[PDB]
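> sequence? don't have it. structure:
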Ligand SMILES: CC(=O)O[C@H]1C(=O)[C@@]2(C)[C@H]([C@H](OC(=O)c3ccccc3)[C@]3(O)C[C@H](OC(=O)[C@H](O)[C@@H](NC(=O)c4ccccc4)c4ccccc4)C(C)=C1C3(C)C)[C@]1(OC(C)=O)CO[C@@H]1C[C@@H]2O
Ligand SMILES: Nc1nc2c(ncn2[C@@H]2O[C@H](COP(=O)(O)OP(=O)(O)OP(=O)(O)O)[C@@H](O)[C@H]2O)c(=O)[nH]1
Ligand SMILES: Nc1nc2c(ncn2[C@@H]2O[C@H](COP(=O)(O)OP(=O)(O)O)[C@@H](O)[C@H]2O)c(=O)[nH]1
Ligand SMILES: [Mg+2]
């Protein structure tokens, strides 16, 4: 049976893992103590699907999850919370000190000597599965372990596994609001191994989801509990075809074939249709043509990024629930008519529709409610290049002044590592200028 | 987990420290006898940080007390919490410093540092992993200026990779409680540039100002100036001890907060500070805490922050909050104050949000900020110093204890280079 | 035949594209208050037996270009044109005598004009530092006959014996250092930590420095046999050894009735972390001394760029390697030299570019 290995890294990765595994346990019926008392009433069905859940003989279910953060403070919430007895008790903590927001403590100093517990734990976990693999990595750019330790975890998993698909779901630094002053240093050093090893890098952002939680959801004070559920609804309908029974399922290998033209332009900028309130769950039809047109306006992109100032290359409409496959093509010939939704010449096909027909469920405790259908559009546009130039500019403004850099080179890393990461991002931004421009004859 | 050793030098040091371990105790819910009688189970997870265990359910702070020259001994022992410190830690001698630097660093310090470091090593190896060495000392004095910076010359020597925070009470432009005071500041800032990762510049005038201009206290005693310092001292290590939503160690601060290795002299703020009974005419919200933190009359270093550009600042928020009102209030201040910050840094402010408030409050904060406006605390001393040193005024009480004239010119050359590396970034470019 | 020939195929095509005007010995020397020396070593005998591609093109006397095997977004290989400007760009055909035009240097003339000057030696392992300063081009015993430290010893000692300069009655004194993690030792006695203070007349003096009034040329080169006696400072590695501290071998110009010095002349061994930092080694002493080398090297890069791009906040007390050498930089009739060794190989192309951009922070634009 096809399966994934969800490897959360950092505090951002573990905090998202609080709610991704809160969502999975409610869809399948698994209580916070491993049992399945929902399907015992009916008496049939293996709904704790082996994509995400190892099953032991005593009826208990164990996830495929391992997470490393180099700080006990985050995981001790998991080891004392509601999901204490659910997970396996090897949630790898062992950090005698936090990374302190740098890539050099990090890829080199304390990420090493803890990685020996990490890779052996994945080998003890990967060898229980027959069939498809895929590493669902969860981290953030800008942090210390989400940037540094993931970079060590990719070059040590692109060797012991080779050509396996790696979907890594990174939280990207916002161009206007940054919760650290050294976050432009970490989010340029982590690109040098995201570009090489991880085949598909889902970037989301915190400011573009703040506006969604204010405008659509109408929440005036959104905490980090209410942001991570919206990423959790996205991550569910990315790996929904591996579990549920759809009319057009899209495997994790079918992303790599479709979303990714060239081996170094894999940054596809997820979206969703979260216009539930749920006061506005009435007053509104929410048909197939409605939720597909939610991707038109740049007030619903999950990244602070304007798609109208760039081409598209390839999109991937992934539906949920009561979707009829006829209504989809009405909502696609419409989009290919609109002249600001701009494509390149070299991709005339455009779209790809994955219709799963299990409806998205509702986490009790807010903040949206039971809609009958959804969409998670994944589209690598050319417009993500202007989202990086507002981050190379933050790097270059404090690289001329030689600021903050004695805590990077005084931890094992050489000071020449920074310009090696600048010559990628200068040349990787140069790649998006060529691909969007068509050739004339 | 991550563990801190607290050292107390100078008579200013343990007086802050005796109030310090009362704020820490009531934050964890711990009685004078060390017996835990707390409300919840959430404040036992990091007792390990400040309080190592004892035999029957009792907790002892890892508090070395260098400063108990015996005039202060039987007041700290005969105090509120004299039955909480381990009595072998009370390390002292006889014939204290005499408001003299050379009688802290060269003569009585050399015959006491061996008895201190024999207890420092016995409190390091009773720990899983150390990072923190808090030193509560004061400039200007005797023990707190010569012997307080003799240990940092030794403890950083035996531990080159620990975060060394020294909450250094500094002299004042008007309040002159020591005649020799521009000597004990020049000779001690010369030590605290080389040997610390961070050091907090606290003055008594800006603590006298808050108790009159804001807290409206009739007679602010010395307890009520230390009760404001200690509310910052338990505000830097909050994310160590308590869970949060965006944690910050003593090292995520001191990697962000410091651009260049000499520019680590901080000014600490605190909010909410206000004066009431139980009827106060306001509302504790996230935009309410923000304006008070950045207000120029709620610093502690007694310099004008609008005279210079903030290099970078850190706002360690506590209590239950919302991260959008945190990340957007920290944005609008940076835009309204575009000249008051440094232009050539992307985002200056960082955020740190814990999840447990203080006992009585609903929310709180701590403004730790690195500014070029602290050039004024070093220019005033360097004018008072070269006025005294030109006449060779008080030097025969120092050269008569072993020093030389060529260490005084070494110390003023180092402090005058901080002012050069603060006037630069205060200028625009 | 060769597996990697194609990357080198475009390299053989690039060498006919531009105009090769290299550096020949005997050209004029301008002022150049701050010089940056970059030397390319020749191809060794092991490299041709290993299929090694030369990737270091030297087209000018002030320009050096390094190629790199990369790919487009269509998996199409091309060569990146790393374009660097030096002063002083040297060929691999350069013998040490052509380097003697520029490193047996006219700054020793500045020593005798009442000014002071210094010189640096930066590089990686297997790059030519074994043939320049700390041991020279000689083989099984690297003794000082063929490289810089021997020939500069003839520029200092023998030149002042001219009667214009011999009438000044000037003598020679030497003094060796050891710059550890905030520690300024002496190589005459290993257990002598000397404090760095400063007199009231604004001269940073290492307190209590022992000198020797020595000698002719043949004996002053044998002082390093006492200098490298301690094997500074406690190496524990694979390719033993590589110095963790830094050596400052000062040669001082002074008269006899003096108590008056002008013409301090110093050599620096910028030896650091060439091999990657063994963080698998759980020895805490390695990280505590391996870290402070890099922050000392960042001090020396940062200090010189504020000397070229002049300002009034000149960074000195970030470490002690700059603090000891504070007087020799800020002299009025003072100049500064800095040497960078280069490794030819493709397998060390990542370690070569790190050494090149280290010697780039004087802001030289490629006018071309
Ligand atoms: C009815 C009510 O809400 O009363 C408040 C109160 O009125 C005010 C004015 C308190 C009060 O504080 C002071 O008046 C004060 C006295 C000396 C030095 C500093 C302050 C209060 O005494 C202080 C007390 O603080 C705490 O309980 C905190 O946990 C605080 N604790 C201590 O400082 C402490 C005092 C005695 C014994 C043990 C601990 C703390 C703060 C930071 C870190 C750890 C602990 C609080 C909220 C109040 C009173 C009781 C009136 C204020 O101070 C603090 C520290 O909260 C002064 O401005 C704030 C705003 C509060 O609303
Ligand atoms: N959406 C979301 N973002 C988070 C969360 N926690 C942190 N972040 C963001 O992640 C970035 C900070 O990185 P962290 O993950 O906190 O850092 P870390 O990986 O623990 O690394 P160090 O603390 O530096 O060792 C900032 O941009 C935060 O806004 C979270 O729970 N949810
Ligand atoms: N905040 C505070 N300042 C103090 C206290 N006691 C002394 N001072 C200040 O400390 C300085 C005098 O040094 P002191 O600690 O008494 O001298 P020492 O015993 O030689 O270190 C002066 O600036 C005093 O205002 C105190 O309990 N609290
Ligand atoms: Mg963290």
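The structure has been received and is ready for your questions. Numbers count the residues shown, from 1 in each chain, chains lettered A, B, ... in the order given. Ligands and ions are numbered 1, 2, ... in the order given.

> residue numbers of the stretch 1-150 of chain B in contact with ligand 3?
B:10-12, B:15-16, B:97, B:99, B:138, B:140-144 (C-beta under 6 Å from any ligand atom). (Each C-beta comes from the backbone N, C-alpha and C, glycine too.)

> can I get these in JSON lines including secondary structure, neighbour count and distance to residue A:404?
Listed next are these as JSON lines, based on DSSP: H, G, I helix; E, B strand; the rest coil; neighbours: other C-beta atoms under 10 Å in any protein chain shown; distance: C-beta to C-beta, whole Å:
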{"residue": "B:10", "secondary structure": "coil", "neighbour count": "32", "distance to residue A:404": "33"}
{"residue": "B:11", "secondary structure": "helix", "neighbour count": "20", "distance to residue A:404": "38"}
{"residue": "B:12", "secondary structure": "helix", "neighbour count": "25", "distance to residue A:404": "33"}
{"residue": "B:15", "secondary structure": "helix", "neighbour count": "21", "distance to residue A:404": "37"}
{"residue": "B:16", "secondary structure": "helix", "neighbour count": "23", "distance to residue A:404": "31"}
{"residue": "B:97", "secondary structure": "coil", "neighbour count": "26", "distance to residue A:404": "39"}
{"residue": "B:99", "secondary structure": "coil", "neighbour count": "22", "distance to residue A:404": "40"}
{"residue": "B:138", "secondary structure": "strand", "neighbour count": "27", "distance to residue A:404": "31"}
{"residue": "B:140", "secondary structure": "coil", "neighbour count": "27", "distance to residue A:404": "33"}
{"residue": "B:141", "secondary structure": "coil", "neighbour count": "32", "distance to residue A:404": "35"}
{"residue": "B:142", "secondary structure": "coil", "neighbour count": "29", "distance to residue A:404": "37"}
{"residue": "B:143", "secondary structure": "helix", "neighbour count": "34", "distance to residue A:404": "36"}
{"residue": "B:144", "secondary structure": "helix", "neighbour count": "30", "distance to residue A:404": "32"}
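
> let me know the closest of those residues to chain A.
residue B:16 (26.8 Å; C-beta to the nearest C-beta).

> show me where the stretch 201-350 of chain A has helices.
In the stretch 201-350 of chain A, the helices defined using DSSP state H, counting those that start in this stretch lie at A:207-215, A:224-236, A:252-259, A:288-292, A:325-333.

> can you state the direction angle for the longest one and helix A:207-215?
Using axes from the mean of the first three to the mean of the last three C-alpha atoms, to 10 degrees, the interaxial angle of helix A:224-236 with respect to helix A:207-215 works out to 110 degrees.

> do I have it right that residue B:180 meets residue B:389?
No. Contact between residue B:180 and residue B:389 fails when scored by C-beta atoms under 8 Å: they sit 11.9 Å apart.

> what count of nearby residues applies to the residue in the stretch 251-400 of chain A positioned nearest to ligand 2?
At 11.1 Å from ligand 2, residue A:302 is the closest residue in the stretch 251-400 of chain A, using C-beta to the nearest ligand atom. Residues near residue A:302, counting by other C-beta atoms under 10 Å in any protein chain shown, number 24.

> pretty sure it contacts residue A:270?
Yes. The criterion here is C-beta under 8 Å, and residue A:302 meets it with residue A:270 at 5.4 Å.

> list the residues that contact both of the two?
A:204, A:234 (C-beta atoms under 8 Å, 6 or more residues apart in numbering or on different chains).

> sec struct for the closest residue to residue B:217 other than its chain neighbours, please.
In this structure, residue B:217 finds its nearest non-sequential neighbour in residue B:211, 4.5 Å apart by C-beta to C-beta, 6 or more residues apart in numbering or on different chains. Put simply, residue B:211 is helix when judged by DSSP: H, G, I helix; E, B strand; the rest coil.

> my read is that residue B:211 contacts residue B:220, right?
Yes. Using C-beta under 8 Å, residue B:211 is in contact with residue B:220, at 3.7 Å.

> show me which of the two is the more surrounded one.
When neighbours are counted by other C-beta under 10 Å, residue B:211 and residue B:220 differ, and residue B:211 comes out ahead with 20 against 16.

> would you mind naming what in chain A lies close to ligand 2?
A:10-12, A:15, A:98-101, A:140, A:142-146, A:171, A:179, A:206, A:224, A:227-228.

> mind checking which of these land in strands?
Among the residues of chain A next to ligand 2, the residues falling in strands (DSSP state E) are A:140, A:171.

> returning to what we had before: so who does the residue nearest to residue B:217 touch?
Residue B:211 touches B:217, B:220, B:224-225, B:228, counting by C-beta under 8 Å, 6+ apart.

> looking at these, which is nearest ligand 2?
Checking the contacts of residue B:211 one by one against ligand 2 (C-beta to the nearest ligand atom), the nearest turns out to be residue B:228, at 29.4 Å.

> nearest to ligand 2: which residue in the stretch 101-250 of chain C?
Of the residues in the stretch 101-250 of chain C, the one nearest ligand 2 is residue C:181, at a distance of 25.8 Å by C-beta to the nearest ligand atom.

> what about the residue lying closest to that residue once chain neighbours are set aside, how many neighbours?
Here the nearest residue to residue C:181 in space, its sequence neighbours aside, is residue C:292; by C-beta to C-beta, 6+ apart that works out to 3.9 Å. Look at residue C:292: counted by other C-beta under 10 Å, it has 21 neighbours.
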